[PDB]
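Breakdown of the fold
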Amino acid sequence: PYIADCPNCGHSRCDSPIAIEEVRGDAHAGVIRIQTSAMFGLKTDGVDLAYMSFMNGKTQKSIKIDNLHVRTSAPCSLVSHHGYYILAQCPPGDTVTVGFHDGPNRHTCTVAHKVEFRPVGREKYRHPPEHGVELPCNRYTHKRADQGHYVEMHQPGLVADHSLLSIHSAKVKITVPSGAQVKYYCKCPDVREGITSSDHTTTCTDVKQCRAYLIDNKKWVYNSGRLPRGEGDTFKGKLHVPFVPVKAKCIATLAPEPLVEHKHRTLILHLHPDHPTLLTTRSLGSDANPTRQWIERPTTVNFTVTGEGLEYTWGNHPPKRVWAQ
Amino acid sequence: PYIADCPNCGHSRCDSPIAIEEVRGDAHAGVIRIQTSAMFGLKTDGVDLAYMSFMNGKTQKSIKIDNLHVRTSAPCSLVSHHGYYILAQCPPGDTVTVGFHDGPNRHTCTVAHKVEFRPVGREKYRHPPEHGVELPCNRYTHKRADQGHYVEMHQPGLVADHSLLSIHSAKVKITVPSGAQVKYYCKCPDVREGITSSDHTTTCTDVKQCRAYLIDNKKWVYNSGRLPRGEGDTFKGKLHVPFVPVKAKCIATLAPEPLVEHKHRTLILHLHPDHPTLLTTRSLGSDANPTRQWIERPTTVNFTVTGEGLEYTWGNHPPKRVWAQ
Amino acid sequence: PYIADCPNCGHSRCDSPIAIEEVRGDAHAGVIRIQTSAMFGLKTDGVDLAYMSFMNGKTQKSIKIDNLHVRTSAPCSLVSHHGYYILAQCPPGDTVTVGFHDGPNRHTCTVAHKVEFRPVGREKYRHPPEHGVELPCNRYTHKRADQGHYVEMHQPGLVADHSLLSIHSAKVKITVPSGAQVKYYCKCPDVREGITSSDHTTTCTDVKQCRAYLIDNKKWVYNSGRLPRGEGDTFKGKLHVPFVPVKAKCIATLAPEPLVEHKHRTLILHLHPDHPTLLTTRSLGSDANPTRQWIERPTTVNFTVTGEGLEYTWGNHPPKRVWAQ
Amino acid sequence: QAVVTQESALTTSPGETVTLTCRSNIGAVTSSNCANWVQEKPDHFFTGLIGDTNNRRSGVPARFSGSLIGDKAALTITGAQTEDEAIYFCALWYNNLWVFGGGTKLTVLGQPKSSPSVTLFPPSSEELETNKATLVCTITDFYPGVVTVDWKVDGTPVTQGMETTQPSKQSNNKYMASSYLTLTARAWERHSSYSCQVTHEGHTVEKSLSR
Amino acid sequence: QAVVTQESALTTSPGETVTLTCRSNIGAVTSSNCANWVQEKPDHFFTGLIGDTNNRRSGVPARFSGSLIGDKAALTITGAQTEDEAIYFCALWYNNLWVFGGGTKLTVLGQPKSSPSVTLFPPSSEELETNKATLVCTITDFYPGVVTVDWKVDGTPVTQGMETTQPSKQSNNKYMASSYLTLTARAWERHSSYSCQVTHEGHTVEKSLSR
Amino acid sequence: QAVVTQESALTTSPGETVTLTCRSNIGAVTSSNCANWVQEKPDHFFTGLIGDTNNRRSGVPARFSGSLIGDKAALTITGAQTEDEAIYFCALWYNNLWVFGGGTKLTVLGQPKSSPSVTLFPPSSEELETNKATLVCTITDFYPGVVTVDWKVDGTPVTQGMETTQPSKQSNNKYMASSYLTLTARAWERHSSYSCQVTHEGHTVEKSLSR
Amino acid sequence: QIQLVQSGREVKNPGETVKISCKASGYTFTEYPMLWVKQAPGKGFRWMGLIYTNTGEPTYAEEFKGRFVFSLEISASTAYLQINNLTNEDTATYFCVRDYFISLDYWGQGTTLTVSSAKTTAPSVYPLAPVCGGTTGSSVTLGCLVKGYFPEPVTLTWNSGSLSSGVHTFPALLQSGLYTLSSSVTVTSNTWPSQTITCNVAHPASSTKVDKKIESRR
Amino acid sequence: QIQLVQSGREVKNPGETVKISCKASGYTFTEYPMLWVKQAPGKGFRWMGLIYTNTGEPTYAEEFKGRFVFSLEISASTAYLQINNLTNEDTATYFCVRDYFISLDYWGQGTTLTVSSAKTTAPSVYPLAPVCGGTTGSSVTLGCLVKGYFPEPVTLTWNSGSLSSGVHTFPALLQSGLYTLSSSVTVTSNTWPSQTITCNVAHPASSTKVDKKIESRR
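Residues numbered from 1 in each chain as written, not as in the entry; some residues may be left out. Chains lettered and ligands numbered in written order. Part of a larger assembly, values for the part shown. Heavy atoms only, no water. Residues with missing side-chain atoms left out of burial classes, pairs and counts.

Deposited coordinates in this entry are attributed by the record to cryo-EM, at a stated resolution of 7.5 Å.

Identification of chain G as EEEV-5 antibody heavy chain from Mus musculus is taken from the PDB entry. As recorded in the PDB, the entry bears the title "CryoEM structure of chimeric Eastern Equine Encephalitis Virus with Fab of EEEV-5 antibody".

Looking at the PDB entry, one finds chain A named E2, with Eastern equine encephalitis virus as its source organism.

Below, the structure is given as structure tokens:
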């Protein structure tokens, strides 16, 4: 579970494990795929997707997911998590605002991202309905058995941990997690690399002038922009994405039927939608003479139909056609 | 407590007991009257409106209301429940989104419905204030002692319950709730009606080709569109509605006073509202020459007042009048 | 912790201790400074800002802050509390809606107030981002060590408490909190001032025709409009405000860079913002010929640049300049 | 037409956590079965503990909680006490009637042993006026509740004439029992030494009368 | 000018739930009365339990909770313990002063009985040098806390000369008391057998000296 | 390369609240040290109580809770019980290895005293066929767990030949021990009275054999 | 608070009818109906049905539809069980019970019926005083032997019921076609024979009431 | 943590004045004022007033406005009660108490005053050793008799207070115009008379201190 710098972490820029990168309000189904720097899913070892492992300290905390909250302008709905990554059904929102509850603390993370949800169709809803026609939307999956893409996930760079740099009663005293690789020296001249167990520091004294580092590359990370490079190498760790964008047919929009009214080679149409509906036509002469107008306000319109025919498209309701001799 | 098919029940179309029908964002007071298919109120038997009976299984669960949530674009405020029906003060919202918390599960239900709250008045607020004039809004009651209308509530049709169709070690085995009427046969030829205690099935074997039905018409239901008809009869069960729309005087709107400025037979009016305010006038000559314009942006306007008089309507603030000789 | 009359206290006008006055959505940083009539902060006596003292009864209740909720159109984020006063990061909202949870009851308070958050800059965002330039916004502090202003806070007037007016088995019986000053008489003729311990009432009998008053001016209050005057005097109690508006440099806005395109003494500019951006220019001739237009929709624009130069202001992005010979 | 099944007997010690279960023969138990738990203390003393699966009757200690575990209703006693030793019955609702389980006898460690209090009374004289004599041996306050009563007329184990009741539970949760030896006015006057011997948790108590 | 009233005495058994109440003579008790509950154990030992109606002092077991029930302040002991046997006082605030209730003596079943430990001492010799002799009979660690002390000089019940203190509660919650029999140097030398007899929960203990 | 320190021994009474602490020599203990608490009952019996500072293992009574108090990990027993008398060890994680504390011996008031059950056996005959004789004195079920065993051959305190094990804790939490007196087939046949004397919480128990 | 107190136990020969009352206290009768449960000697607990104390409609368990009839003296908060044409295998104990909280919350004391053929024999009440010699302890145990009656029940009190502490009443047992019962009472040695101690016995079936004072043997 | 330890108990003849100290420990004196409560022998508990340990202003209960005066040695965390022109009906125990948590959270030990006319008599301290013969058990009980003193109080310790376990000190009682007190101590039979056991008695009113070693009678 990677940890990075959340931008407006409740107060201001903290370093949250759930630091939000790559917000994708690019689908249609009310859904956003998000990456936390935290890797929830199974535990550290082997069990139960519905548990929760973020970083506390240098360490993980692979425990229950109890009170996740993604949210935006309104509280979102989770869809599924896998890896670093969560899918959640959100409404539109100027921002994105994520957070669980460990239990002692709220411990959330928030971010800017322009979000919208147009459904696919000539109706510009704000939200998916219960009914209407199905038609080919873009949307992310529920599932994990997924390989359609993979993002590079090589090592972490080092990280700071000044909990290490204690004092040896006059000298600044570094320690190690588990024998991990601590990269160490101070502004003064003393040990210059640091690949060690718990060292002391002969020369410097102040904690604030030393290299508290953790080369702990036993587990790779996501290659966040808010990661410091592991300077050594491009280690392996090519790793999939679960939530591929797929060609789901969203349960989708439909605009109320029109009121057809006859006139001489002319369609008066008293019209009354639910939401802004893009109407358009095609006078089937080799003179096309089409028309487009989003209609949200109910409006009686007109169409000079010709002899050979016109067609009529009340939103994603199917196209009509008309003989006006 | 009826159970029907919620349309976007967290994931997708579940069958929630709180399946939302008949959303009514038709009043003014920030209020919506809703019908769940669930009948909260008293328990199964006799006590305490503030308890909570939905259907779990074929069975009720008449327990506490602890964590109801109606919500929309924002979380609503409950007003009162009675029967199948709840009143709740909501803001505007493209949708309506309802849900309690049983305790082990969220178990919510959500729906599309165009909601708005215009207050009555020439001010187009988004929300009721603390002050302003009172005037005759439309609104639903708090109370239950109500008979002003009644909706038909006859029986339920059957329902599926394949928990019944167990296996008699080689044959598919139906049982009964309490001696209820189970309507049974399979694709093969065996018992053809089913009005029985726990039967077996001589002929068919597969659970997936049999009639797991529950004619359990000891308690009527609401006549939801998401109900299957009880084919036998229009049984009795005419049943009231609590939340009648009544002629409450909402605590209501008021727009800031105008800045009256004199000119020669002309009212300059530097004007500065809180919200979009429909201003309008009536030049009291037999030439009416009225004007209408919603004003939300502060605007210095003008009015060619005549000799005999004009009147002036700063929102639902009372109408003024003016001698311009 | 003062108690006043909340306007739409869940149901309607209650008397909440957290009665909201002086909403100030006048800064830029997503923040509002609010005054509850309740004085949270330290306890009654001496400890821990993060505890919670409102009025229950005539009495305080100095306990934990556990589940505060300020909110608007969305749930806000607390920033800090001090005294009667809380700072909280909110989004825009037609209203303001505040409330904690004592534990047995929700016990909230809500109010009307027009809120917005323009960030300082020619970009009209709806929300502060993670990045962009810093520039001089107006904003309130986190802190308490604050004297930049002080509001008058003299005594409370009396308050009603008909829990006092019990019955002495035939006569209406007043009591006292702790020897506090109870101001008493009834419509009938009996004791006419009331500065006493627990009195009886010789003359009247009905609780509903007597003066249940509490002159309990051992602790001053905020001078809310929803306070009854302490008729005696302007007692002392000049008391600071914590949350002064200060000249913080908000982490602030930035609009995506323009696409500069050359023409003959003419800047075509295909342009594509994130949010509505006020663009403007100054043809540096003594003929200024400036232009202003908020741009939210991407637009290819044009500028007849002169010989001597023009300047160009893509939002709060710094001003550009151009030689068009 | 449904069979509720419960453990037969469970033994625990004061301070432990013990779980009793209630199984339905028709399928998993669910919240629509409104599992009820009832306790029977000695003397045909019934009290309701839990109802509607997990609602604790008022005035029932909190050490008692109900729930559904797997496909059955369960009662957990958290910190069982000596006072909890009784028979627990579960009841399940089935759309139109109630079905009770067989009950679980629960035994909880506690109540230090207590020796019996034995008293032997002579035939009263108004009764010797009937040409009858009945020696009553009363034994009370003993725990564990199991005793052996043996009568001995003149040194000789009587073997016919005696009747001993079954230990009955007193209120304090100790037991009692009485034994009767009926003679004739005459058998009475014949023999000379009567004795009621009570054996309890290894010690013996002999109470003798002398005519 | 207000009178707080409390139950006089309440008796419960270990493990039970017991409620003590505090009533005000002026009206219902409310949160602005800041009900306080104080406990007095033997030895003039005071501790505060609850304050401001329901705030439990720190280090007071959780079995103790306060609340307002009806129009009065209440203290509930949930799982009363033997250790809770004491006097509980409630206090109510009345705008300017505090009024204490009369206190409730609470008795909780427990502490198995304990026989007294009796010792009789002879007049010391430095004291016989004063022409005085005082036999001290000390009795400690007895429970229940009630005894009868009888002195017997030379076989004869002394009836004048003795003084017996009142049982005083020791720390372990058992009691103590001492009795004095003052003679003269001379009365001393006269009689020959002194004996202090202590009667406690039916058994007798006689401690005799021999001059 | 870190030293966890714990209180050495703590004594409490049934019903009290007691806190054990765990200090790290390198700095404050934090949640990344994942404090663990383990209990050792007699017989090399280990169970885990708390892990990751405050996660209670399943089936560990709720009277046990862990937390960080100040700069150290703490274990609180709320309502300590007699059964809680054992050794509690804390463990702290240090990025790559675990360091255990020295453990705290906790003593809880309870378990009324119990006298020993002493038995002396004679040398068996198959063993007298080896030209050897060993008198075994077994002592079980005693508490407190401290005894004195003295042997006396023919009236005379043996002083060489005996071996007495160290009191070992039985399951019920009482103790046991046995003492051996080895003679020769011959020493056996010589002397005539053997006796094993066990002294426990002031009373003495002598078990003698007669050849 | 809630007390459901039931009638006392009857004896009835086969064929007879019995009306068992259940008098309710502490609740409003009308909002809580009554469960009638049969706990048969060996067999365990069984639901006999439920009566809507509001409307008055009874539900019978199928095992009980027929000879069993529930009714209520609404007015007095009583529910009643009537078993007509008593069958010998109806000996058992019947409990009334309050249905509330999605189950049953309070149970009554029970009324035990013993269906059994037999005439009516009044009991002989005999005082049980201690042995003729000594009997010196801190306390003293007296007794009362109620011998040879039919049918059940008999009631027994000590000093009109004012002496209940330290009493052991022993369940009646059938011996040679008749019931025999006994009771002991223990008091301090100062109480008796200083103060009078009296055994009070009633046998309703024979209209027999006997007060027997325990007298010293000499 | 918080300890309020009070002065010892005084004797004073009518008319005198007394200053009772209350030394506070564990809290910051200044943020918690002091309650003075009178628990009169029979009557129960009564609030005497409260002192603002910050400003120094006292509140008196009306019953106590007059002869009673609260003050504080701020500097030493002491609060004091002074009762002037002592009336005989002021014998009782006075407790200091901390006002906190909307009530009182800690109470002191109490200082008991016995207003009573009488001269000054020093006590006679007598050793109480076991009977001349035998006395063989696992333990042994010694005693100390403090006879005939006035006024109260006396203090008594065993071995300068290092021997406190197994001690029973018996409250002083008035007999023939003088107080008499006694104490027992129980130790293992190996301790005494092997190791010295000494009774330590002080009578402040007479400046009497007596150390009496318990010696064997032979």
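**A look at unusual backbone geometry**
Residue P144(E) follows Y143(E) across a cis peptide bond; omega there is 0°. Structurally, the position occupied by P144(E) is in the loop between β13 (132-142) and β14 (148-153). A cis amide bond, omega 0°, links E152(H) with the succeeding residue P153(H). Position of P153(H) relative to the elements: it lies in the loop between β13 (139-149) and β14 (155-158). The backbone of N131(E) shows a phi angle near 75°, a positive value even though the residue is not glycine. Note that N131(E) resides in the loop between α1 (125-128) and β13. Positive phi, close to 55°, is recorded for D141(F), a residue that is not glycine. According to the relative accessible area criterion, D141(F) is partly exposed, its value standing at 24%. (Helix = DSSP H or I, 4+ residues; strand = E, 2+ residues; numbered from the N terminus. Buried < 20%, exposed > 50% of the residue type's maximum accessible area, 1.4 Å probe, protein only.)

**Quick word on the interface of chain E and chain H**
The accessible area lost on association of the parts is a frequent measure of interface size. Chain E puts 44 residues into the contact, and the matching count from chain H is 41 residues. Taken together, the two surfaces of chain E and chain H that pack against each other cover about 3,500 Å², and 64% of this comes from carbon and sulfur. Here chain E is connected to chain H by one salt bridge. As a salt-bridge pair, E126(E) and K212(H) come within 2.6 Å of each other at their nearest N and O atoms. Put simply, chain E and chain H have 14 residue pairs in polar contact between them. Listed by contribution, the elements that provide at least two residues to the side of chain E that touches chain H are β4 (36-41), β5 (45-51), β10 (98-100), β12 (117-121), α1, β13 and β18 (175-184) of chain E. Looking at which element gives the most residues to the side of chain E that touches chain H, the answer is β13(E), with six residues. (Contact = heavy atoms within 4.5 Å. Buried area = accessible area lost by both parts, 1.4 Å probe. Salt bridge = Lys/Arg side-chain N within 4 Å of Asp/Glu carboxyl O. Polar contact = N/O pair within 3.5 Å; in protein donor to acceptor, adjacent residues only side chain to side chain.)

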